[PDB]
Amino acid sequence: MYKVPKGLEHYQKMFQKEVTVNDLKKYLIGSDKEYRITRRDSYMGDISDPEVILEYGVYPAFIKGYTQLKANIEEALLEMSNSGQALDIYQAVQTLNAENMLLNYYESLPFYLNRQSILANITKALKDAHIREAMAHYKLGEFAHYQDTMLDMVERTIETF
């Protein structure tokens, strides 16, 4: 069962307060370094890690009573998935994925996202030729060091939903 981690208290405190939908988007993306939430072993280091955000930020704050985080994260995710911006859709896909990875490990989580509309939006994003092309070509930051494209990472992740 999920349990609040001991570490990274600064991340825990970040979410124990009023957090807007716009702020959650900035955190989930992490293109702005001031909002970049990672850990030592995060797969990439130059964009946020949505698994860290759920595990260390959102779930601990939810548990302390900041229940508005669930609806607000869902709206942040809806917005990101409809943004038409490669990195943001990628980060949306990675947050739904993060829930699944945390479910696999912890076997039970504080809550489960309402994700039907987010899933739909993602499907519709990936039907758009210009979005697929941006994702196929996305080679900024650490993506430049992988043969595996953003697009294919996204596609293989969607298949696991």
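Note that residue numbering follows the sequence shown and begins at 1.
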Mind pulling up the entry and telling me whether 93 to 101 or 117 to 125 has the higher mean Cα temperature factor? 117 to 125
Between 136 to 144 and 12 to 20, which has the higher average C-alpha B-factor in the PDB entry? 12 to 20
Maximum C-alpha temperature factor per the entry, among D46, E34, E107, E51, belongs to which one? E34
Among all modelled residues of this chain, ranked by Cα B factor, put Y66 in the bottom, middle or top third, i.e. lowest, middle or highest. highest
